[PDB]
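Asker: this one's experimental. Sequence and coordinates below.
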Protein chains: 4
Amino acid sequence: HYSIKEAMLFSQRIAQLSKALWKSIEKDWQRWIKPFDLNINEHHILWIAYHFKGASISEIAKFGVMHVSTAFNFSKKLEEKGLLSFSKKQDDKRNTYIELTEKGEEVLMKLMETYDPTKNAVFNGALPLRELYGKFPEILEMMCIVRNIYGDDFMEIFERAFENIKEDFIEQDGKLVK
Amino acid sequence: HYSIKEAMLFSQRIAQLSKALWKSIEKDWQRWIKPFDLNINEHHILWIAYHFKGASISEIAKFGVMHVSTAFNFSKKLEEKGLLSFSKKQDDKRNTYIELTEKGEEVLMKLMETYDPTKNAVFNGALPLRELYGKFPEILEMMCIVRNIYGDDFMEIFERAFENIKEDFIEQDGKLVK
Amino acid sequence: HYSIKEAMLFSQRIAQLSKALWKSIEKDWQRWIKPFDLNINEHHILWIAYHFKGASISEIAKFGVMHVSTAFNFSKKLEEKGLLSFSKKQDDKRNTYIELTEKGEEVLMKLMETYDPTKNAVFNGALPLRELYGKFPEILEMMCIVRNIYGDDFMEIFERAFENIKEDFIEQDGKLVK
Amino acid sequence: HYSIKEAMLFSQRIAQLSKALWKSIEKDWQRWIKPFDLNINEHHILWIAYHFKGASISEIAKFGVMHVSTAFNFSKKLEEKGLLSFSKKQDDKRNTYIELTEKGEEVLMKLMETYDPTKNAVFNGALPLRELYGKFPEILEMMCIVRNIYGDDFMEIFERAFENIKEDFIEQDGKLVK
DNA sequence: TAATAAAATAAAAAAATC
DNA sequence: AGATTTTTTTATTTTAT
DNA sequence: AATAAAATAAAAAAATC
DNA sequence: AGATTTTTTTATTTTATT
DNA sequence: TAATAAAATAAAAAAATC
DNA sequence: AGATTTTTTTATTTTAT
DNA sequence: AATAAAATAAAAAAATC
DNA sequence: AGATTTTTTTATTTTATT
Ligand SMILES: [Mg+2]
Ligand SMILES: [Mg+2]
């Protein structure tokens, strides 16, 4: 059992913090992918499909943090730009599934190449901690909180992106490459 | 140095973790302020003027993570709803200072009465951690990152809210009241 | 559940750490008190009495992490040196109580004067962390572990020492004094 | 910078934690090894020499947090009990290098099979934390502090012990075996 | 709709001019 | 750029004999 | 039992704002 | 330099969209 | 005891010496 | 410098009519 | 049950390694 | 400078104490 004050204190503090973060993250994310004329959720969708091939609209709307409507509309615009593949399987024909086309994987890799960590603000904001820790910050308390909110299945996005990028990419001339 | 691989690993973990965390906080925040016909940034501006009286447009755009222009446009709607008061100053009339009207302060205080932490998802997410530790999670690594991004003066908002809630408010019948 | 390998991995990591930590704290503690011809458990006994006046030999042994016989022998050795006043009282007389004499209080505070944090190596080892955090490390994970082993009653010594030192003392010429 | 009050608020908190933690580790470690009539520092020496074959007396004293006189005398007693081999090198003859004999390896790995986590207090104190996290506590803050006090070369023992337990041992019938 | 760049604008400060 | 509603569609599911 | 009819509920998909 | 003029800088303020 | 001061002692390197 | 053992000592608990 | 006992337990107080 | 001698430095190695 808890004081109401002590809740307001915790609720307001993590509000400000999570808004400060993500806005900083959103800015650096949209700056990096505007050259390729992708918006944030769009790019997130393509990454959802690369790690989770064949996902359903509601499934990608799960792993990217977006409404089901946003996923359908932004994923069909990725279809017309030729970056996404829609599909249906008629055991249950209410369900529309998406796959990444070759063009889309390509722009993912090219965006991966244009990545410059130094122009990302939380990267630079986290480097102090890394220096004395020996590793980048884990932010485990946040991962615990997120898990209890979204469920362990959601958290599959993390380790699918961890293992895949550790094995599906390498560094040559200071850029990430396949 | 660091690997550009090791960098991406950290950047995708924090990116998704914070989009998760903000969106969760976003919807719970929208839900409690719609009864009084506010949006997040409007409510955010009102709390900033409560804690930082007579602050510049650019200042409340600093403390609330918003653009100067969104600060000025939502700050004017708040005075057309009567909740804010605009002033200018002797030394430099380019600045425009903002104060809370007592209609504005009232709706803040009434919303504080409606606050049910049980309906906030991040709060329920942090309860298991609160039990083990005995106090709420501090997410200290994130406070450090945000600080090295926004700088020490942005971080006065956390301290001013902490002190003000603690010394301006008090519990009665499970609600926070003056 | 846990694998035996995973558990051994944790049990050696903390055994080596707690040994390392305790031994450096042991040396600096001895340096500090050898001038006054005290030993660790004697100095801890006197500090237990200062925070917990009228405490039993068994009770002193709880907070001082020492065997009850160890407390007994070292405690009456302190009475010969005239810093401790034994008592026996009221209903039950198998219990032997302790309080701190005038001579004992002064040697505490005088040792508190000779305190130089820079000669203590664990202080120095935490200074890099304190810069980045703002405050000293909270070492919460071992605080949780130490509680689960010893119980919430035991952890009252932390809480009693925190409050007493905070306002039974003040700083003068780089010295703690009453 | 820091206060002298703030400095000793930290010094006492880690003194008391360190002592509490080392003494529940002390007595759990003793109980485990008395069956094979070893003491803690003798058992440490056997694990130092297993992980670091050919270690010097001084080096053994580094990794096992003990005086060079104790590591010598307890290394001797291990030679008289037939578990450690004493060597010299003709290039520099003031050095004296230690190496486990096969009788020495066998007693270590029978004790490895004797290991029951559930009799260890610190393990059980840590199980609630492993529940929330998914992994055991890392107490990074204590690793940071200990690395600054002892230096990065000492800290090699954690990394070698980690990887050696990982690869040299396997789980058969709920016990760690080679 | 809740935000936001990209202009636009007015005022203060800073820099040029002699 | 990214929501909320509402529609509209399919398939389970639940009834009703 | 079987069915067949009738809500109820999954999953999109299509206008708002 | 001291009195003026010019350019830049700062802070909005409004406008064009997502 | 399970430890560790404190000398004590052999070697080796380092400084000195001319 | 610290314990693990012994002992010893009250008070409490349990067992007996 | 009311007592008195045998037994148990608590808390020191000793002697070892 | 090169060969020598002499000091310090290092690593045990043995003592005695809480
Ligand atoms: Mg933590
Ligand atoms: Mg605690």
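Answerer: Looks like it arrived, so ask away. Residues are numbered from 1 along each chain as shown, chains lettered A, B, ... in the order given. Ligands and ions are numbered 1, 2, ... in the order given.
Asker: in chain A, which residue is closest to the centre?
Answerer: residue A:44 (5.1 Å; C-alpha atoms, centre = their mean).
Asker: how about the strand or helix carrying that one, does it reach DNA strand G?
Answerer: Per DSSP states H and E: residue A:44 is located in helix A:40-51. No - using C-beta under 7 Å from any atom of the strand, helix A:40-51 stays clear of DNA strand G, coming no nearer than 13.0 Å. Any C-beta I mention is one placed from the backbone N, CA and C, and that applies to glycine too.
Asker: so which elements touch that helix?
Answerer: helix A:4-33, helix A:57-63, helix A:68-80, strand A:84-88, strand A:96-100, helix A:102-114, helix A:156-168 (3 or more C-beta pairs under 8 Å, 6 or more residues apart in numbering or on different chains; DSSP states H and E).
Asker: next, the angle from that helix to helix A:156-168.
Answerer: For helix A:40-51 against helix A:156-168, the angle by axes from the mean of the first three to the mean of the last three C-alpha atoms, to 10 degrees is 70 degrees.
Asker: residue A:77 contacts residue A:39, correct?
Answerer: No - when contacts are counted by C-beta atoms under 8 Å, residue A:77 is not listed as touching residue A:39 (9.2 Å).
Asker: so for stretch A:28-35, what gets flagged as buried?
Answerer: A:28, A:29, A:32, A:33 (16 or more other C-beta atoms under 10 Å in any protein chain shown).
Asker: just how off-centre is stretch A:169-176 within its chain?
Answerer: 21 Å (C-alpha atoms, centre = their mean, to the nearest Å).
Asker: near chain B at all, that stretch?
Answerer: Yes - with C-beta under 8 Å from any C-beta of the partner chain as the criterion, chain B is reached by stretch A:169-176 at A:169, A:170, A:171, A:174, A:175, A:176.
Asker: who wins for most neighbours among the residues you listed?
Answerer: Counting neighbours by other C-beta atoms under 10 Å in any protein chain shown, residue A:176 leads the residues of stretch A:169-176 next to chain B with 21 neighbours.
Asker: could you measure from residue A:164 over to residue A:133?
Answerer: Distance, residue A:164 to residue A:133, by C-beta to C-beta, to the nearest Å: 25 Å.
Asker: the more surrounded of the two?
Answerer: Taking other C-beta under 10 Å, residue A:164 and residue A:133 do not tie; residue A:133 has more neighbours (19 against 12).
Asker: what about the residue nearest to the more buried one when sequence neighbours are not counted, distance to DNA strand H?
Answerer: Nearest residue to residue A:133, sequence neighbours excluded (C-beta to C-beta, 6 or more residues apart in numbering or on different chains): residue D:140, at 6.1 Å. Residue D:140 sits 41 Å away from DNA strand H, going by C-beta to the nearest atom of the strand, to the nearest Å.
Asker: got the residues of chain A near DNA strand E?
Answerer: So chain A meets DNA strand E at A:23, A:27 (C-beta under 7 Å from any atom of the strand).
Asker: what residue in chain A comes nearest to DNA strand H?
Answerer: Residue of chain A nearest DNA strand H, by C-beta to the nearest atom of the strand: residue A:39 (6.5 Å).
Asker: what about that residue, how many neighbours?
Answerer: Residue A:39 has 14 nearby residues by other C-beta under 10 Å.
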